[PDB]
Structures are given as structure tokens and as C-alpha cells.
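Below: the structure, in C-alpha cells.
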Amino acid sequence: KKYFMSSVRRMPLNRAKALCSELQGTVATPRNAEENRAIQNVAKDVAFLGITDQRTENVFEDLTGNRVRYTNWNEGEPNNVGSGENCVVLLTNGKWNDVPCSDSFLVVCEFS
Amino acid sequence: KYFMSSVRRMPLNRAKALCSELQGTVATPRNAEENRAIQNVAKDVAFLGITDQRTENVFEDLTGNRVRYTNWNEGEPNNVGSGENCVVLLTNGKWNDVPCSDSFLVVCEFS
Ligand SMILES: CC(=O)N[C@@H]1[C@@H](O)[C@H](O)[C@@H](CO)O[C@@H]1O
Ligand SMILES: CC(=O)N[C@@H]1[C@@H](O)[C@H](O)[C@@H](CO)O[C@@H]1O
Ligand SMILES: [Ca+2]
Ligand SMILES: [Ca+2]
Ligand SMILES: [Ca+2]
Ligand SMILES: [Ca+2]
Ligand SMILES: [Cl-]
């Protein structure tokens, strides 16, 4: 099964990736509602998920370049505000928001 | 308990920070079964969450709890050099006390 653990500090996506990879895990990517809720259970605040549309705008992929199927976007999202929001966070209500990859948030790592 | 190993080596202070970052602690085997599980996740010598820093030759976990199960390599713990207050699990599963300032892999433990 997948196990999810939340970080204590906030950091941008690249650091988030490095943290999870240090323990041979990856940034959490919910594949269904059950997993999305499991990630919610561990994230005490807005947290990064391992999904981006960095390759092609509005085409969301997990960190291994695999296009995602399940999505749980907050109403009005993804909106790619300003100079661009190509990373994704899980809001405190479980819904998703696209945000700048350079912004800092807690990170939830996934292991199995 | 879930056990995860780091890929890079680092001293105990940094090992503790890493496990603590994800709300876990440096792995402390409480029996032979956990010892084997940790050995298997670690691909090389790795730190355990046990030290005798507070009191020499009194080994306890990172929360002050004295350890009951031990699996010391023959001749250990020996506190050689200028002192060895940290502990590593060798590639054969036995333990060796080493300087806390030295760098090894780290196996983190989560509940
Ligand atoms: C940096 C950041 O979190 N910006 C968010 C944006 O992503 C979101 O789409 C918008 C509408 O809810 O609110 C904020 O502007
Ligand atoms: C720094 C280090 O790993 N020293 C070890 C010491 O801990 C161990 O007791 C001894 C056993 O032969 O070998 C080495 O000297
Ligand atoms: Ca985008
Ligand atoms: Ca947005
Ligand atoms: Ca000692
Ligand atoms: Ca020794
Ligand atoms: Cl020491």
C-alpha cells in the first residue's frame, strides 16, 4: 500500500522533490479519492502534490511525466494566474489549486 | 512501523533532522525482526536511533528510553578513539558504536 508522510517545513517544489527522494519516495500523487483523503489526513496545511503542467500548459503529469487521470480541482482551478502556475497543491479542504513551482508549501511524500 | 533508508550518508545530527522532517525518528530495532527489516532497507552501514551520549555505556533511544533488545557485534560497544556515542547497524545486522560526528546512511522509522 502507499504510505503518506507530511513535512514540517515549507519549501519550493524542487526541494520537496529532493526531500522525498532522499528517503526513496516521491511527492504524493493521489490516484483516486481515497488517496486524496489519505493525503488530507496527514497535511495540516496547504501541501504540494507531485503533479505539474510544466511540459505542456494545461496537461498535468505526475513527476515521472505520466499524464494523470484523477483530478480534484478547486472550482475555478486550474487558472494559471500571472506569470504562470505550473505546480499543484492540496488545499485544506482537499481540493487542488495550481500554484507557482517556486512558491513554498508543506510537502507530502509517498512511499510503498 | 515503516522503515525507509536514505541514499546519502550524513552525521547523526543531520540524520535526526531528516527523519524528523517527515515526522519520524531514526530507526530503533526493538527485536530481531525489526533489526532484520532495517538491515534489509539499508544498503550499507546505517545509523540507528540509539546513543549513550547522556550516560556512558547506557544506551537509550532518541527519546530517553533505555533500550532492551541489543545486537552488538562481538567486541562492541567499545567506545574507542576519543569516544563513540552513536550506533550503526553493520551490513551483517550486528551493531557497532561509532563517533556521532561520522557519516553513515540513515534508516528512518515511521508509525
Ligand atoms: C499564489 C497563490 O496561491 N495564488 C492563488 C491562485 O493560485 C488561485 O487560483 C487564486 C484564486 O483562488 O487565489 C490566489 O491568487
Ligand atoms: C570509526 C570506526 O568505525 N571505528 C571502528 C570501531 O567503532 C570498532 O569498534 C572497531 C572494531 O574493530 O573498528 C573500527 O575502529
Ligand atoms: Ca500551468
Ligand atoms: Ca491557481
Ligand atoms: Ca560511548
Ligand atoms: Ca566501536
Ligand atoms: Cl561520539
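As shown in the C-alpha cells, the chain order sets the letters A, B, ...; within each chain, residues go from 1, and ligands are also counted from 1 in the order they appear.
With only C-alpha atoms and all ligand atoms as the atoms that count, the set of residues no farther than 10 Å from ligand 5 is residues 51, 52, 53, 54, 55, 56, 57, 58, 59, 77, 78, 79, 80, 82, 83, 84, 85, 86, 87, 97, 98, 99 and 100 of chain B.
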Please provide as a list in words all residues within 7 Å of stretch 88-99 of chain A, with the sequence filter that same-chain residues fewer than 6 positions apart are discarded (counting only C-alpha atoms).
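Once the nearby chain positions are removed, what remains is residues 36, 37, 40, 45, 46, 47, 48, 49, 51, 52, 72, 73, 74, 77, 78 and 80 of chain A.
For the residues B:45, B:62, B:105, B:15, ranking by smallest atom-to-atom distance to residue B:90 using only C-alpha atoms places B:45 first.
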Nearby residues (only C-alpha atoms) at most 9 Å from residue A:39, same-chain spacing under 6 positions excluded, as an mmCIF file with N, CA, C and O atoms, in the first residue's frame:
```
data_model
loop_
_atom_site.group_PDB
_atom_site.id
_atom_site.type_symbol
_atom_site.label_atom_id
_atom_site.label_comp_id
_atom_site.auth_asym_id
_atom_site.auth_seq_id
_atom_site.Cartn_x
_atom_site.Cartn_y
_atom_site.Cartn_z
ATOM 1 N N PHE A 4 1.785 7.772 3.321
ATOM 2 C CA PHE A 4 1.992 9.215 3.144
ATOM 3 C C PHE A 4 2.479 9.841 4.450
ATOM 4 O O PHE A 4 1.973 9.529 5.535
ATOM 5 N N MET A 5 3.460 10.711 4.304
ATOM 6 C CA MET A 5 4.053 11.446 5.434
ATOM 7 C C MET A 5 4.186 12.920 5.047
ATOM 8 O O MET A 5 4.585 13.235 3.924
ATOM 9 N N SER A 6 3.860 13.811 5.973
ATOM 10 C CA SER A 6 3.940 15.241 5.719
ATOM 11 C C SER A 6 5.206 15.833 6.301
ATOM 12 O O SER A 6 5.685 15.394 7.352
ATOM 13 N N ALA A 28 3.757 13.029 -3.099
ATOM 14 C CA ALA A 28 2.442 12.389 -3.203
ATOM 15 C C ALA A 28 1.583 12.772 -4.411
ATOM 16 O O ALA A 28 1.329 13.949 -4.675
ATOM 17 N N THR A 29 1.089 11.751 -5.108
ATOM 18 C CA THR A 29 0.236 11.933 -6.275
ATOM 19 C C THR A 29 -1.003 11.054 -6.054
ATOM 20 O O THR A 29 -0.948 9.840 -6.239
ATOM 21 N N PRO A 30 -2.120 11.657 -5.620
ATOM 22 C CA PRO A 30 -3.349 10.891 -5.377
ATOM 23 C C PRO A 30 -3.921 10.370 -6.696
ATOM 24 O O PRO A 30 -4.075 11.134 -7.635
ATOM 25 N N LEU A 90 -2.559 20.712 -2.509
ATOM 26 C CA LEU A 90 -3.812 20.223 -1.970
ATOM 27 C C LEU A 90 -4.186 21.265 -0.912
ATOM 28 O O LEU A 90 -3.417 21.494 0.028
ATOM 29 N N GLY A 94 -9.100 19.632 0.744
ATOM 30 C CA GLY A 94 -8.866 18.515 -0.158
ATOM 31 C C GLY A 94 -8.870 18.839 -1.647
ATOM 32 O O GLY A 94 -8.405 18.026 -2.451
ATOM 33 N N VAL A 108 3.935 16.517 0.997
ATOM 34 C CA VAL A 108 3.530 15.205 1.455
ATOM 35 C C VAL A 108 4.287 14.229 0.556
ATOM 36 O O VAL A 108 4.252 14.357 -0.679
#
```
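Backbone DSSP of stretch 39-86 of chain A yields alpha helix (DSSP H) at residues 39, 40, 41 and 42 of chain A.
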Once you have the residues from the selection above, write them out as a compact mmCIF listing (two decimals), in the first residue's frame, restricted to C-alpha atoms.
```txt
# COMPACT_ATOMS: atom_id res chain seq x y z
CA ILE A 39 -3.13 12.82 1.97
CA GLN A 40 -5.64 15.21 3.61
CA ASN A 41 -5.32 13.26 6.86
CA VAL A 42 -1.58 13.97 7.05
```
Set the cut-off to 12 Å and count only C-alpha atoms: what are the residues of chain A that reach chain B? Output as a PDB file with N, CA and C atoms, in the first residue's frame.
```pdb
ATOM      1  N   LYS A   1       0.890  -1.189   0.000  1.00  0.00           N
ATOM      2  CA  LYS A   1       0.000   0.000   0.000  1.00  0.00           C
ATOM      3  C   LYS A   1       0.913   1.220   0.000  1.00  0.00           C
ATOM      4  N   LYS A   2       0.348   2.359  -0.297  1.00  0.00           N
ATOM      5  CA  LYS A   2       1.110   3.606  -0.256  1.00  0.00           C
ATOM      6  C   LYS A   2       0.988   4.194   1.138  1.00  0.00           C
ATOM      7  N   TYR A   3       2.078   4.745   1.599  1.00  0.00           N
ATOM      8  CA  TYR A   3       2.114   5.434   2.889  1.00  0.00           C
ATOM      9  C   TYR A   3       2.443   6.891   2.607  1.00  0.00           C
ATOM     10  N   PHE A   4       1.785   7.772   3.321  1.00  0.00           N
ATOM     11  CA  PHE A   4       1.992   9.215   3.144  1.00  0.00           C
ATOM     12  C   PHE A   4       2.479   9.841   4.450  1.00  0.00           C
ATOM     13  N   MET A   5       3.460  10.711   4.304  1.00  0.00           N
ATOM     14  CA  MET A   5       4.053  11.446   5.434  1.00  0.00           C
ATOM     15  C   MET A   5       4.186  12.920   5.047  1.00  0.00           C
ATOM     16  N   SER A   6       3.860  13.811   5.973  1.00  0.00           N
ATOM     17  CA  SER A   6       3.940  15.241   5.719  1.00  0.00           C
ATOM     18  C   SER A   6       5.206  15.833   6.301  1.00  0.00           C
ATOM     19  N   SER A   7       5.712  16.866   5.636  1.00  0.00           N
ATOM     20  CA  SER A   7       6.887  17.565   6.107  1.00  0.00           C
ATOM     21  C   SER A   7       6.423  18.547   7.180  1.00  0.00           C
ATOM     22  N   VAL A   8       7.396  19.081   7.901  1.00  0.00           N
ATOM     23  CA  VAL A   8       7.153  20.055   8.946  1.00  0.00           C
ATOM     24  C   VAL A   8       7.370  21.455   8.362  1.00  0.00           C
ATOM     25  N   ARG A   9       8.403  21.608   7.543  1.00  0.00           N
ATOM     26  CA  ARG A   9       8.699  22.914   6.959  1.00  0.00           C
ATOM     27  C   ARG A   9       8.170  23.076   5.548  1.00  0.00           C
ATOM     28  N   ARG A  10       8.112  24.325   5.100  1.00  0.00           N
ATOM     29  CA  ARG A  10       7.629  24.662   3.769  1.00  0.00           C
ATOM     30  C   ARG A  10       8.844  24.871   2.873  1.00  0.00           C
ATOM     31  N   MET A  11       8.703  24.505   1.602  1.00  0.00           N
ATOM     32  CA  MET A  11       9.787  24.607   0.627  1.00  0.00           C
ATOM     33  C   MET A  11       9.215  24.556  -0.793  1.00  0.00           C
ATOM     34  N   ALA A  16      11.160  19.976  -2.380  1.00  0.00           N
ATOM     35  CA  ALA A  16      10.154  18.990  -1.974  1.00  0.00           C
ATOM     36  C   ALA A  16      10.497  17.646  -2.609  1.00  0.00           C
ATOM     37  N   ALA A  18      13.489  16.712  -3.671  1.00  0.00           N
ATOM     38  CA  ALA A  18      14.729  16.244  -3.048  1.00  0.00           C
ATOM     39  C   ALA A  18      14.488  15.591  -1.687  1.00  0.00           C
ATOM     40  N   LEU A  19      13.598  16.179  -0.903  1.00  0.00           N
ATOM     41  CA  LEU A  19      13.280  15.622   0.404  1.00  0.00           C
ATOM     42  C   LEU A  19      12.707  14.207   0.258  1.00  0.00           C
ATOM     43  N   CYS A  20      11.653  14.080  -0.538  1.00  0.00           N
ATOM     44  CA  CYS A  20      11.010  12.785  -0.727  1.00  0.00           C
ATOM     45  C   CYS A  20      11.974  11.768  -1.323  1.00  0.00           C
ATOM     46  N   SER A  21      12.773  12.198  -2.302  1.00  0.00           N
ATOM     47  CA  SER A  21      13.742  11.303  -2.934  1.00  0.00           C
ATOM     48  C   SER A  21      14.867  10.878  -1.993  1.00  0.00           C
ATOM     49  N   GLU A  22      15.175  11.700  -0.991  1.00  0.00           N
ATOM     50  CA  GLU A  22      16.232  11.361  -0.044  1.00  0.00           C
ATOM     51  C   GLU A  22      15.931  10.038   0.667  1.00  0.00           C
ATOM     52  N   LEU A  23      14.648   9.789   0.919  1.00  0.00           N
ATOM     53  CA  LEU A  23      14.182   8.560   1.563  1.00  0.00           C
ATOM     54  C   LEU A  23      13.570   7.596   0.544  1.00  0.00           C
ATOM     55  N   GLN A  24      13.929   7.814  -0.717  1.00  0.00           N
ATOM     56  CA  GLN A  24      13.484   6.978  -1.823  1.00  0.00           C
ATOM     57  C   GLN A  24      11.973   6.929  -2.062  1.00  0.00           C
ATOM     58  N   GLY A  25      11.312   8.055  -1.800  1.00  0.00           N
ATOM     59  CA  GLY A  25       9.884   8.175  -2.023  1.00  0.00           C
ATOM     60  C   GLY A  25       9.692   9.218  -3.107  1.00  0.00           C
ATOM     61  N   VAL A  42      -2.922  13.641   6.586  1.00  0.00           N
ATOM     62  CA  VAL A  42      -1.576  13.970   7.047  1.00  0.00           C
ATOM     63  C   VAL A  42      -1.163  15.436   6.871  1.00  0.00           C
ATOM     64  N   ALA A  43      -1.715  16.100   5.865  1.00  0.00           N
ATOM     65  CA  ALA A  43      -1.397  17.510   5.610  1.00  0.00           C
ATOM     66  C   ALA A  43      -2.177  18.484   6.506  1.00  0.00           C
ATOM     67  N   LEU A 106       4.077  23.044   2.386  1.00  0.00           N
ATOM     68  CA  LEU A 106       4.444  21.796   3.026  1.00  0.00           C
ATOM     69  C   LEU A 106       4.482  20.780   1.880  1.00  0.00           C
ATOM     70  N   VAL A 107       5.078  19.629   2.129  1.00  0.00           N
ATOM     71  CA  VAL A 107       5.134  18.595   1.123  1.00  0.00           C
ATOM     72  C   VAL A 107       4.704  17.287   1.753  1.00  0.00           C
ATOM     73  N   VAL A 108       3.935  16.517   0.997  1.00  0.00           N
ATOM     74  CA  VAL A 108       3.530  15.205   1.455  1.00  0.00           C
ATOM     75  C   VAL A 108       4.287  14.229   0.556  1.00  0.00           C
ATOM     76  N   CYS A 109       5.045  13.336   1.177  1.00  0.00           N
ATOM     77  CA  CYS A 109       5.800  12.328   0.451  1.00  0.00           C
ATOM     78  C   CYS A 109       5.005  11.022   0.444  1.00  0.00           C
ATOM     79  N   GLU A 110       5.227  10.236  -0.599  1.00  0.00           N
ATOM     80  CA  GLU A 110       4.551   8.967  -0.816  1.00  0.00           C
ATOM     81  C   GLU A 110       5.579   7.845  -0.926  1.00  0.00           C
ATOM     82  N   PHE A 111       5.311   6.731  -0.256  1.00  0.00           N
ATOM     83  CA  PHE A 111       6.203   5.581  -0.261  1.00  0.00           C
ATOM     84  C   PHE A 111       5.329   4.346  -0.392  1.00  0.00           C
ATOM     85  N   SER A 112       5.904   3.248  -0.863  1.00  0.00           N
ATOM     86  CA  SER A 112       5.158   1.996  -0.992  1.00  0.00           C
ATOM     87  C   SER A 112       6.101   0.801  -0.957  1.00  0.00           C
TER      88      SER A 112
END
```
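For the pair atom CA of residue A:58 and atom CA of residue A:83, the interatomic distance is 14.2 Å.
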With DSSP run on the backbone, what are the strand (DSSP E) residues within stretch 30-81 of chain A? I'd like them as a list in words.
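Secondary structure check on stretch 30-81 of chain A, strand (DSSP E): residues 47, 48, 49, 50, 51, 52, 53, 54, 55, 56, 59, 60, 61 and 62 of chain A.
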Could you tell me how far atom CA of residue A:82 lies from atom CA of residue A:50, in Å and to one decimal?
21.4 Å
Record the distance separating atom CA of residue B:42 and atom CA of residue A:62, expressed in Å with one decimal.
27.2 Å
Write out as a PDB file with N, CA and C atoms, in the first residue's frame each polymer residue (protein, DNA or RNA) that has an atom no more than 6 Å from ligand 3, with only C-alpha atoms and all ligand atoms counted.
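Final output, saved to pocket.pdb:
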```pdb
ATOM      1  N   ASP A  53       2.191  20.918 -14.901  1.00  0.00           N
ATOM      2  CA  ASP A  53       1.886  21.051 -16.325  1.00  0.00           C
ATOM      3  C   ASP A  53       3.051  21.832 -16.917  1.00  0.00           C
ATOM      4  N   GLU A  57       1.448  23.383 -21.103  1.00  0.00           N
ATOM      5  CA  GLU A  57       0.434  24.069 -20.321  1.00  0.00           C
ATOM      6  C   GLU A  57      -0.930  23.379 -20.410  1.00  0.00           C
ATOM      7  N   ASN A  58      -1.541  23.199 -19.242  1.00  0.00           N
ATOM      8  CA  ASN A  58      -2.853  22.572 -19.072  1.00  0.00           C
ATOM      9  C   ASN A  58      -2.885  21.052 -19.317  1.00  0.00           C
ATOM     10  N   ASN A  80      -3.889  29.078 -13.938  1.00  0.00           N
ATOM     11  CA  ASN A  80      -2.583  29.569 -14.386  1.00  0.00           C
ATOM     12  C   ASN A  80      -2.392  31.093 -14.237  1.00  0.00           C
ATOM     13  N   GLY A  84       2.430  32.481 -14.433  1.00  0.00           N
ATOM     14  CA  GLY A  84       2.264  31.048 -14.552  1.00  0.00           C
ATOM     15  C   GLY A  84       2.274  30.263 -13.258  1.00  0.00           C
ATOM     16  N   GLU A  85       1.384  29.282 -13.195  1.00  0.00           N
ATOM     17  CA  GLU A  85       1.259  28.396 -12.050  1.00  0.00           C
ATOM     18  C   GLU A  85       1.297  27.012 -12.673  1.00  0.00           C
ATOM     19  N   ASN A  86       2.424  26.338 -12.504  1.00  0.00           N
ATOM     20  CA  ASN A  86       2.623  25.026 -13.099  1.00  0.00           C
ATOM     21  C   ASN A  86       2.777  23.858 -12.114  1.00  0.00           C
TER      22      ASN A  86
END
```
Using only C-alpha atoms, which residues sit within 8 Å of residue B:38 once same-chain residues fewer than 2 positions away are excluded, as a list in words?
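In the requested format, the answer is residues 3, 27, 29, 34, 35, 36, 40, 41, 42 and 107 of chain B.
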Dump as a PDB file, in the first residue's frame, selection limited to N, CA and C atoms:
```
ATOM      1  N   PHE B   3       9.882   1.415   7.676  1.00  0.00           N
ATOM      2  CA  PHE B   3      11.300   1.799   7.644  1.00  0.00           C
ATOM      3  C   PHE B   3      11.715   2.269   6.251  1.00  0.00           C
ATOM      4  N   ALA B  27      15.516   5.041  13.051  1.00  0.00           N
ATOM      5  CA  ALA B  27      15.093   3.684  13.413  1.00  0.00           C
ATOM      6  C   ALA B  27      15.789   3.023  14.603  1.00  0.00           C
ATOM      7  N   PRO B  29      15.595  -0.660  16.374  1.00  0.00           N
ATOM      8  CA  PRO B  29      15.033  -2.019  16.390  1.00  0.00           C
ATOM      9  C   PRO B  29      14.751  -2.453  17.826  1.00  0.00           C
ATOM     10  N   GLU B  34      12.605  -6.540  13.781  1.00  0.00           N
ATOM     11  CA  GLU B  34      12.767  -5.169  13.326  1.00  0.00           C
ATOM     12  C   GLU B  34      14.204  -4.945  12.882  1.00  0.00           C
ATOM     13  N   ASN B  35      15.146  -5.613  13.541  1.00  0.00           N
ATOM     14  CA  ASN B  35      16.559  -5.467  13.194  1.00  0.00           C
ATOM     15  C   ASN B  35      16.802  -5.919  11.750  1.00  0.00           C
ATOM     16  N   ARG B  36      16.219  -7.060  11.380  1.00  0.00           N
ATOM     17  CA  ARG B  36      16.359  -7.591  10.029  1.00  0.00           C
ATOM     18  C   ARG B  36      15.688  -6.672   8.995  1.00  0.00           C
ATOM     19  N   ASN B  40      17.693  -4.849   5.893  1.00  0.00           N
ATOM     20  CA  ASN B  40      17.281  -5.018   4.508  1.00  0.00           C
ATOM     21  C   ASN B  40      16.998  -3.736   3.754  1.00  0.00           C
ATOM     22  N   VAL B  41      16.470  -2.732   4.445  1.00  0.00           N
ATOM     23  CA  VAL B  41      16.171  -1.469   3.782  1.00  0.00           C
ATOM     24  C   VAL B  41      17.478  -0.693   3.582  1.00  0.00           C
ATOM     25  N   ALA B  42      18.428  -0.885   4.492  1.00  0.00           N
ATOM     26  CA  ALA B  42      19.727  -0.213   4.385  1.00  0.00           C
ATOM     27  C   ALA B  42      20.660  -1.002   3.452  1.00  0.00           C
ATOM     28  N   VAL B 107      18.410   5.168   8.460  1.00  0.00           N
ATOM     29  CA  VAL B 107      17.145   4.484   8.248  1.00  0.00           C
ATOM     30  C   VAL B 107      16.199   5.176   9.214  1.00  0.00           C
TER      31      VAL B 107
END
```
Looking at A:14, A:102, A:64, A:35, which one is nearest to ligand 1, with distances taken over only C-alpha atoms and all ligand atoms?
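With only C-alpha atoms and all ligand atoms as the atom set, the closest residue is A:102.
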For residue A:69, list every protein, DNA or RNA residue within 9 Å, evaluated using only C-alpha atoms, and leave out those in the same chain fewer than 4 positions away; present the list as number ranges by chain.
A: 31-32, 60-61
